[PDB]
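Note: the block below is run19.pdb and it holds PDB, C-alpha atoms (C1' of nucleotides).
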```pdb
MODEL        1
ATOM      1  CA  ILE A  80      22.958  -5.670  33.699
ATOM      2  CA  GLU A  81      22.107  -6.904  30.217
ATOM      3  CA  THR A  82      22.832  -5.967  26.616
ATOM      4  CA  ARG A  83      21.079  -6.723  23.341
ATOM      5  CA  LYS A  84      22.625  -6.423  19.880
ATOM      6  CA  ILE A  85      20.544  -6.170  16.728
ATOM      7  CA  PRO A  86      21.440  -6.431  13.024
ATOM      8  CA  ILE A  87      19.915  -3.986  10.573
ATOM      9  CA  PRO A  88      19.042  -4.033   6.870
ATOM     10  CA  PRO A  89      21.141  -1.934   4.482
ATOM     11  CA  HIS A  90      17.984  -0.124   3.354
ATOM     12  CA  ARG A  91      17.115   1.980   6.389
ATOM     13  CA  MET A  92      20.648   3.065   7.226
ATOM     14  CA  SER A  93      20.312   6.756   6.375
ATOM     15  CA  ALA A  94      17.177   6.919   8.516
ATOM     16  CA  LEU A  95      19.084   5.133  11.279
ATOM     17  CA  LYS A  96      21.738   7.821  11.006
ATOM     18  CA  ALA A  97      18.888  10.266  11.458
ATOM     19  CA  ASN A  98      18.308  10.485  15.212
ATOM     20  CA  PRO A 104      17.629   9.963  21.451
ATOM     21  CA  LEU A 105      16.807   6.575  22.937
ATOM     22  CA  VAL A 106      19.094   7.180  25.910
ATOM     23  CA  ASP A 107      16.779  10.082  26.735
ATOM     24  CA  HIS A 108      13.737   7.924  26.084
ATOM     25  CA  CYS A 109      14.456   4.859  28.210
ATOM     26  CA  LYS A 110      17.804   5.574  29.953
ATOM     27  CA  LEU A 111      19.703   2.847  28.134
ATOM     28  CA  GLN A 112      23.082   3.451  26.534
ATOM     29  CA  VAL A 113      23.308   2.762  22.807
ATOM     30  CA  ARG A 114      26.160   2.102  20.455
ATOM     31  CA  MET A 115      25.650   1.883  16.725
ATOM     32  CA  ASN A 116      27.723   0.518  13.865
ATOM     33  CA  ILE A 117      25.789   0.210  10.603
ATOM     34  CA  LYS A 118      28.858  -1.263   8.886
ATOM     35  CA  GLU A 119      28.745  -4.418  10.977
ATOM     36  CA  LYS A 120      24.958  -3.784  10.888
ATOM     37  CA  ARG A 121      24.853  -3.971  14.685
ATOM     38  CA  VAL A 122      23.186  -1.758  17.248
ATOM     39  CA  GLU A 123      24.112  -2.331  20.883
ATOM     40  CA  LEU A 124      21.645  -1.637  23.688
ATOM     41  CA  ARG A 125      23.271  -1.737  27.123
ATOM     42  CA  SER A 126      21.462  -1.436  30.445
ATOM     43  CA  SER A 127      22.956   1.292  32.624
ATOM     44  CA  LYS A 128      22.277   1.892  36.309
ATOM     45  CA  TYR A 129      19.399   4.121  35.201
ATOM     46  CA  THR A 130      17.934   1.391  33.015
ATOM     47  CA  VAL A 131      15.504  -0.399  35.290
ATOM     48  CA  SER A 132      13.395  -2.929  33.429
ATOM     49  CA  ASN A 133      13.587  -5.926  31.149
ATOM     50  CA  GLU A 134      10.384  -4.356  29.840
ATOM     51  CA  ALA A 135      12.391  -1.277  28.814
ATOM     52  CA  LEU A 136      15.132  -3.344  27.179
ATOM     53  CA  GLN A 137      12.610  -5.482  25.301
ATOM     54  CA  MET A 138      10.596  -2.506  24.081
ATOM     55  CA  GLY A 139      13.719  -0.723  22.882
ATOM     56  CA  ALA A 140      14.708  -3.912  21.075
ATOM     57  CA  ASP A 141      11.274  -4.444  19.526
ATOM     58  CA  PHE A 142      11.185  -0.780  18.523
ATOM     59  CA  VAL A 143      14.553  -0.732  16.786
ATOM     60  CA  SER A 144      13.681  -3.994  15.060
ATOM     61  CA  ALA A 145      10.425  -2.515  13.796
ATOM     62  CA  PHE A 146      12.068   0.669  12.575
ATOM     63  CA  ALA A 147      14.640  -1.501  10.838
ATOM     64  CA  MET A 148      11.912  -3.772   9.441
ATOM     65  CA  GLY A 149      10.535  -0.759   7.671
ATOM     66  CA  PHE A 150       8.226   1.485   9.674
ATOM     67  CA  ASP A 151       9.258   5.042  10.365
ATOM     68  CA  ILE A 152       9.923   7.097  13.461
ATOM     69  CA  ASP A 153       6.306   8.057  14.020
ATOM     70  CA  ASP A 154       4.585   4.696  14.335
ATOM     71  CA  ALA A 155       7.927   3.546  15.749
ATOM     72  CA  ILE A 156       7.754   5.864  18.763
ATOM     73  CA  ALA A 157       4.084   4.994  18.845
ATOM     74  CA  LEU A 158       5.143   1.387  19.393
ATOM     75  CA  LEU A 159       7.596   2.729  21.944
ATOM     76  CA  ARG A 160       4.870   4.595  23.801
ATOM     77  CA  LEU A 161       2.046   2.038  23.684
ATOM     78  CA  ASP A 162       2.840  -1.296  25.316
ATOM     79  CA  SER A 163      -0.452  -2.596  23.941
ATOM     80  CA  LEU A 164       0.820  -2.437  20.378
ATOM     81  CA  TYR A 165       2.049  -5.552  18.623
ATOM     82  CA  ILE A 166       4.024  -6.516  15.547
ATOM     83  CA  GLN A 167       3.735  -9.442  13.189
ATOM     84  CA  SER A 168       5.854 -10.521  10.229
ATOM     85  CA  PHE A 169       3.894 -12.433   7.615
ATOM     86  CA  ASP A 170       5.429 -14.202   4.649
ATOM     87  CA  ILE A 171       3.399 -14.711   1.499
ATOM     88  CA  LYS A 172       4.980 -18.160   1.293
ATOM     89  CA  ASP A 173       2.876 -19.281   4.238
ATOM     90  CA  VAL A 174      -0.288 -21.240   3.693
ATOM     91  CA  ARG A 175      -0.728 -21.211  -0.028
ATOM     92  CA  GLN A 176      -3.782 -21.784  -2.193
ATOM     93  CA  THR A 177      -1.997 -22.662  -5.444
ATOM     94  CA  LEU A 178       1.399 -24.095  -6.258
ATOM     95  CA  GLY A 179       1.793 -21.836  -9.303
ATOM     96  CA  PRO A 180       4.729 -19.398  -9.097
ATOM     97  CA  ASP A 181       2.688 -16.500 -10.395
ATOM     98  CA  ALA A 182       2.284 -15.894  -6.680
ATOM     99  CA  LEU A 183       4.270 -12.815  -5.756
ATOM    100  CA  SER A 184       3.515 -10.443  -8.632
ATOM    101  CA  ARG A 185      -0.228 -11.038  -8.908
ATOM    102  CA  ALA A 186      -0.723 -11.300  -5.153
ATOM    103  CA  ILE A 187       1.064  -8.121  -4.132
ATOM    104  CA  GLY A 188      -0.481  -6.278  -7.048
ATOM    105  CA  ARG A 189      -3.819  -7.290  -5.548
ATOM    106  CA  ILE A 190      -2.551  -6.180  -2.123
ATOM    107  CA  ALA A 191      -1.328  -2.700  -2.960
ATOM    108  CA  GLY A 192      -3.419  -1.715  -5.923
ATOM    109  CA  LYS A 193      -2.164   1.219  -7.930
ATOM    110  CA  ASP A 194      -0.903   4.042  -5.674
ATOM    111  CA  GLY A 195      -1.537   1.908  -2.585
ATOM    112  CA  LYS A 196      -5.269   2.610  -2.733
ATOM    113  CA  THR A 197      -6.293  -0.791  -1.417
ATOM    114  CA  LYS A 198      -3.713  -1.077   1.329
ATOM    115  CA  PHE A 199      -4.391   2.483   2.432
ATOM    116  CA  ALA A 200      -8.137   1.910   2.523
ATOM    117  CA  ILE A 201      -7.357  -1.094   4.693
ATOM    118  CA  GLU A 202      -5.226   1.107   6.937
ATOM    119  CA  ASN A 203      -7.876   3.754   7.390
ATOM    120  CA  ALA A 204     -10.379   0.982   8.026
ATOM    121  CA  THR A 205      -8.763  -1.266  10.587
ATOM    122  CA  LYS A 206      -6.492   1.299  12.254
ATOM    123  CA  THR A 207      -3.274  -0.657  11.802
ATOM    124  CA  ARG A 208       0.026   0.162  10.160
ATOM    125  CA  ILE A 209       1.526  -2.231   7.622
ATOM    126  CA  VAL A 210       4.414  -2.220   5.182
ATOM    127  CA  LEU A 211       4.648  -4.338   2.032
ATOM    128  CA  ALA A 212       7.949  -5.568   0.591
ATOM    129  CA  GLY A 213       7.705  -8.657  -1.612
ATOM    130  CA  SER A 214       7.349 -11.894   0.332
ATOM    131  CA  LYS A 215       7.120 -10.203   3.716
ATOM    132  CA  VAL A 216       4.435  -7.906   5.006
ATOM    133  CA  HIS A 217       4.887  -6.322   8.404
ATOM    134  CA  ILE A 218       1.872  -5.359  10.479
ATOM    135  CA  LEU A 219       1.723  -3.080  13.506
ATOM    136  CA  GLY A 220      -0.932  -2.232  16.048
ATOM    137  CA  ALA A 221      -3.359  -3.983  18.322
ATOM    138  CA  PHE A 222      -3.510  -7.708  17.622
ATOM    139  CA  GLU A 223      -7.226  -7.925  16.904
ATOM    140  CA  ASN A 224      -6.923  -5.326  14.163
ATOM    141  CA  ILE A 225      -3.853  -7.237  13.060
ATOM    142  CA  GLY A 226      -5.968 -10.378  12.866
ATOM    143  CA  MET A 227      -8.674  -8.650  10.869
ATOM    144  CA  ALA A 228      -6.031  -7.423   8.437
ATOM    145  CA  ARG A 229      -4.617 -10.943   8.428
ATOM    146  CA  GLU A 230      -7.917 -12.495   7.442
ATOM    147  CA  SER A 231      -8.408  -9.748   4.890
ATOM    148  CA  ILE A 232      -5.085 -10.374   3.248
ATOM    149  CA  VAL A 233      -5.367 -14.141   3.228
ATOM    150  CA  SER A 234      -8.759 -13.791   1.590
ATOM    151  CA  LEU A 235      -7.258 -11.319  -0.893
ATOM    152  CA  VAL A 236      -4.482 -13.722  -1.834
ATOM    153  CA  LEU A 237      -7.141 -16.389  -2.018
ATOM    154  CA  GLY A 238      -8.421 -14.034  -4.686
ATOM    155  CA  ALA A 239     -11.619 -12.503  -3.315
ATOM    156  CA  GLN A 240     -12.919  -9.308  -4.855
ATOM    157  CA  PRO A 241     -11.182  -6.372  -3.142
ATOM    158  CA  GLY A 242     -14.337  -4.296  -2.748
ATOM    159  CA  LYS A 243     -16.224  -7.275  -1.336
ATOM    160  CA  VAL A 244     -13.612  -8.207   1.233
ATOM    161  CA  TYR A 245     -13.191  -4.510   1.957
ATOM    162  CA  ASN A 246     -16.900  -4.186   2.730
ATOM    163  CA  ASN A 247     -16.813  -7.204   4.989
ATOM    164  CA  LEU A 248     -13.737  -5.758   6.648
ATOM    165  CA  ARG A 249     -15.532  -2.475   7.173
ATOM    166  CA  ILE A 250     -18.503  -4.032   8.857
ATOM    167  CA  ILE A 251     -16.422  -6.388  10.965
ATOM    168  CA  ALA A 252     -14.176  -3.559  12.103
ATOM    169  CA  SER A 253     -17.295  -1.581  12.962
ATOM    170  CA  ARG A 254     -18.723  -4.309  15.138
ATOM    171  CA  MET A 255     -15.324  -4.732  16.724
ATOM    172  CA  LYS A 256     -15.129  -1.009  17.398
ATOM    173  CA  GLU A 257     -18.542  -1.141  19.011
ATOM    174  CA  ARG A 258     -18.503  -1.952  22.707
ATOM    175  CA  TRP A 259     -21.978  -3.284  23.176
TER     176      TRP A 259
ATOM    177  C1'   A B   1     -58.718  16.864 -61.737
ATOM    178  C1'   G B   2     -64.634  17.549 -58.424
ATOM    179  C1'   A B   3     -67.950  18.844 -54.628
ATOM    180  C1'   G B   4     -71.356  15.348 -53.023
ATOM    181  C1'   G B   5     -73.632  10.056 -51.336
ATOM    182  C1'   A B   6     -72.614   5.741 -48.294
ATOM    183  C1'   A B   7     -69.546   2.483 -44.747
ATOM    184  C1'   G B   8     -65.616   0.760 -41.644
ATOM    185  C1'   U B   9     -61.374   1.474 -38.722
ATOM    186  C1'   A B  10     -59.059   4.988 -34.152
ATOM    187  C1'   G B  11      -5.348  -3.213  -9.664
ATOM    188  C1'   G B  12       2.918  -3.728  -7.863
ATOM    189  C1'   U B  13       2.583   0.402  -2.937
ATOM    190  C1'   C B  14       7.258   1.423   0.089
ATOM    191  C1'   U B  15      12.695   1.015   0.646
ATOM    192  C1'   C B  16      17.290  -0.130  -1.679
ATOM    193  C1'   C B  17      20.178  -0.967  -5.993
ATOM    194  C1'   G B  18      21.940  -0.851 -11.414
ATOM    195  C1'   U B  19      20.659   2.213 -15.674
ATOM    196  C1'   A B  20      19.380   6.681 -19.484
ATOM    197  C1'   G B  21      18.073  11.884 -19.561
ATOM    198  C1'   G B  22      17.234  16.420 -16.813
ATOM    199  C1'   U B  23      20.649  21.360 -13.685
ATOM    200  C1'   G B  24      24.308  20.229 -11.300
ATOM    201  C1'   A B  25      26.903  17.119  -4.841
ATOM    202  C1'   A B  26      22.296  16.019  -3.696
ATOM    203  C1'   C B  27      17.842  15.863  -6.442
ATOM    204  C1'   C B  28      13.744  14.687 -10.397
ATOM    205  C1'   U B  29      11.993  11.640 -14.271
ATOM    206  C1'   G B  30      11.774   6.936 -16.883
ATOM    207  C1'   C B  31      13.653   1.725 -17.402
ATOM    208  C1'   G B  32      15.462  -2.865 -15.314
ATOM    209  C1'   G B  33      16.518  -5.923 -10.827
ATOM    210  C1'   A B  34      16.362  -7.263  -5.278
ATOM    211  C1'   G B  35      13.990  -6.962  -0.566
TER     212        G B  35
ENDMDL
END
```
Transcribe the structure of this file into structure tokens.
Amino acid sequence: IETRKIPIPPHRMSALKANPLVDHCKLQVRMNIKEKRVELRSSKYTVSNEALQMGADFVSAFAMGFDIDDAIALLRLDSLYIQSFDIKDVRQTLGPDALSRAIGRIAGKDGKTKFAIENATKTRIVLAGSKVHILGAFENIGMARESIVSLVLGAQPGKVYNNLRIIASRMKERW
RNA sequence: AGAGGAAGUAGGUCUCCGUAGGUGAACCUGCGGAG
């Protein structure tokens, strides 16, 4: 019998108050968003370390910014992965015009560029300053990774988008 | 002005916060800060 306790950000707390995980994976939950903790306790109906770990990864992802839909998608699909990427990792220039210019290049106005990337490589990301959080199958995650590191290198968004399109297409092909 | 003659050229998204206004709890808008 094992228990996992997870801290939350103050951002998502109303959505956390919005609702079921005991029904989902038979694992008793306590919540206290004032100590920012969520307790996940294995009952006699909880069977697997797999179930505890997926509940933990799921609540951490929903806390880290994705919503209930891709969240229960991550719940449902054990193939799906998560990755947290800081913009402060490997860095092309030491100038601290990094964050503003870079994440402007990432989103574009109205999230056009990020959303084109989403509809291309079939992932789900969220952008908040230094962190970007990426969700889905790891190879798509890696394509998006190479895309974004090229974008923060400064490549033309349409150009890297085209390359991303064709690479995603040949990935999506089987033979 | 005149018919003739004769030639040549053809790129800040999402969440949260602090603001000002709106129709007020909420909520919307805009500004300014954090993830």
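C1' of residue 34 in chain B sits 10.5 Å away from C1' of residue 18 in chain B.
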Exercise. Would you kindly report the residues of chain B within 8 Å of chain A, using only C-alpha atoms (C1' of nucleotides), as a PyMOL selection string?
Key: chain B and resi 11-16+35
Within 12 Å of residue 20 in chain B, counting all atoms listed in the file, which residues show up once you throw out same-chain ones fewer than 3 positions away? Write them as a PDB file with C-alpha atoms (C1' of nucleotides), in the coordinates of the input, please.
```
ATOM      1  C1'   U B  29      11.993  11.640 -14.271  1.00  0.00           C
ATOM      2  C1'   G B  30      11.774   6.936 -16.883  1.00  0.00           C
ATOM      3  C1'   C B  31      13.653   1.725 -17.402  1.00  0.00           C
ATOM      4  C1'   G B  32      15.462  -2.865 -15.314  1.00  0.00           C
TER       5        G B  32
END
```
Exercise. Given the file shown, enumerate the residues that the PyMOL selection byres ((chain A and resi 130-133) around 12) captures and present them as a list in words.
Key: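 Applying the expression gives residues 80, 81, 82, 83, 105, 106, 107, 108, 109, 110, 111, 112, 113, 124, 125, 126, 127, 128, 129, 134, 135, 136, 137, 138, 139, 140 and 141 of chain A.
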Quiz item: Counting all atoms listed in the file, which of A:97, A:156, A:178, A:87 gets nearest to residue 122 in chain A?
Solution: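 Ranked by minimum distance to residue 122 in chain A, first place goes to A:87.
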Quiz item: Mind pulling up the distance from CA of residue 155 in chain A to CA of residue 92 in chain A?
Solution: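 The value is 15.3 Å.
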Box for range 166-172 of chain A - axis-aligned, 3 Å on each of the six sides, all listed atoms - centre and size in Å to one decimal, as lines of an AutoDock Vina configuration file.
```
center_x = 4.6
center_y = -12.3
center_z = 8.4
size_x = 8.5
size_y = 17.6
size_z = 20.3
```
Practice problem: Decode the PyMOL selection byres ((chain A and resi 207) around 12) for the given file into explicit residues and return them as a PyMOL selection string. | Solution: chain A and resi 150+154+157-158+164-167+198-206+208-210+217-229+252
Those selected residues, please, written with C-alpha atoms and delivered as a short mmCIF file (atom, residue, chain, number, x, y, z; two decimals), in the frame of the given file.
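Written output follows (out.cif):
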```
data_model
loop_
_atom_site.label_atom_id
_atom_site.label_comp_id
_atom_site.auth_asym_id
_atom_site.auth_seq_id
_atom_site.Cartn_x
_atom_site.Cartn_y
_atom_site.Cartn_z
CA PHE A 150 8.23 1.48 9.67
CA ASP A 154 4.58 4.70 14.34
CA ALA A 157 4.08 4.99 18.84
CA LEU A 158 5.14 1.39 19.39
CA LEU A 164 0.82 -2.44 20.38
CA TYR A 165 2.05 -5.55 18.62
CA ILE A 166 4.02 -6.52 15.55
CA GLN A 167 3.74 -9.44 13.19
CA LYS A 198 -3.71 -1.08 1.33
CA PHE A 199 -4.39 2.48 2.43
CA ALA A 200 -8.14 1.91 2.52
CA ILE A 201 -7.36 -1.09 4.69
CA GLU A 202 -5.23 1.11 6.94
CA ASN A 203 -7.88 3.75 7.39
CA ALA A 204 -10.38 0.98 8.03
CA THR A 205 -8.76 -1.27 10.59
CA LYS A 206 -6.49 1.30 12.25
CA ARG A 208 0.03 0.16 10.16
CA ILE A 209 1.53 -2.23 7.62
CA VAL A 210 4.41 -2.22 5.18
CA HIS A 217 4.89 -6.32 8.40
CA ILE A 218 1.87 -5.36 10.48
CA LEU A 219 1.72 -3.08 13.51
CA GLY A 220 -0.93 -2.23 16.05
CA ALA A 221 -3.36 -3.98 18.32
CA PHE A 222 -3.51 -7.71 17.62
CA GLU A 223 -7.23 -7.92 16.90
CA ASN A 224 -6.92 -5.33 14.16
CA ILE A 225 -3.85 -7.24 13.06
CA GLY A 226 -5.97 -10.38 12.87
CA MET A 227 -8.67 -8.65 10.87
CA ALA A 228 -6.03 -7.42 8.44
CA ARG A 229 -4.62 -10.94 8.43
CA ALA A 252 -14.18 -3.56 12.10
#
```
Quiz prompt | Test item: residues at most 10 Å from residue 121 in chain A, all atoms listed in the file, excluding those fewer than 4 positions along its chain, as a PyMOL selection string | solution = chain A and resi 83-88+114-117
Exercise. Would you work out the distance separating CA of residue 239 in chain A from CA of residue 173 in chain A, expressed in Å to one decimal?
Key: 17.7 Å
